[PDB]
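Given as structure tokens, the chain that follows is alone and in the form deposited in one PDB entry.
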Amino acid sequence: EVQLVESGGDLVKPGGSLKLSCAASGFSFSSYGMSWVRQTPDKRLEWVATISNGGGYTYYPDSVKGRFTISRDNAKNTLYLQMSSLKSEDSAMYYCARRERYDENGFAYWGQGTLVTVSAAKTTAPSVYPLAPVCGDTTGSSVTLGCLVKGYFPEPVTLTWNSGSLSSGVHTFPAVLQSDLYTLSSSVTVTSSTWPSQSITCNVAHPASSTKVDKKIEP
């Protein structure tokens, strides 16, 4: 079974250095060349480097030329990439992929990906806000309520409505970056016969700072 597992992705200061590893299996590593192919957050896919099977030929796009180096260890079945002078445009999912030297048929075998984030930001735990309905709109059939998780770094955040037991009628909107800090928002819909008799508490977890915050929507 061809297995290409990557490691190394992390938060890096811009103008830093990072070195990822790709460990291959279920084939003879040395008969095949390899590539690093990355994915940006806009899901733009791009090639980064290719190294031929005996490490005697390496290939780079201008973006990455003279900043990254692809190398291999044929004895240890491991492929590498030394990133240096990391800009924030290089935050992406980095995939190792085999070059199909025999079949010449594209990237048939990809790895799992490892994620690099190049940001000068600092861990900041968020502010969670309960968004309680307002006018006489309030009572109909459903009341919609929400949570504003404003200003955090990095990701992830786990948001639930009452610890997971309220999944029907929930909408969590993507995080957006507004100068180093993110913001996320969620809403849940429940009947007029549900809140404010029953209680809903939005729970946000931000593991990167040990934050655990329960925010009750109350009128």
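Numbers for residues come from their place in the sequence shown, where the first is 1.
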{"item": "Residue 103 coordinate gap across at least a third of other entries", "value": "no"}
{"item": "Residue 140: gap in at least one third of other compared structures", "value": "yes"}
{"item": "26-34 versus 188-196 - greater average Cα B-factor per the deposited record", "value": "188-196"}
{"item": "Stretch exceeding the other in mean C-alpha B-factor - 87-95, 70-78", "value": "70-78"}
{"item": "Of the residues 56, 164, 169, 174, the one carrying the largest Cα B-factor as recorded", "value": "164"}
{"item": "Maximum C-alpha temperature factor, selected from 125, 143, 116, 148", "value": "125"}
{"item": "Position of residue 207 among the chain's modelled residues by C-alpha B-factor, lowest, middle or highest third", "value": "highest"}
{"item": "Third of chain Cα B-factors occupied by residue 106", "value": "middle"}
{"item": "Within-chain third of residue 156 by Cα B-factor, per the entry", "value": "highest"}
{"item": "Chain third (lowest, middle, highest) by recorded CA B-factor, residue given as residue 21", "value": "lowest"}
{"item": "For residue 40, the third of its chain into which the C-alpha B factor falls", "value": "highest"}
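Keep in mind that the form deposited in another entry is missing from the display, and what follows is about it.
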property	result
Co-assignment to one rigid part between the shown form and the other one, residue 31 and residue 16	yes
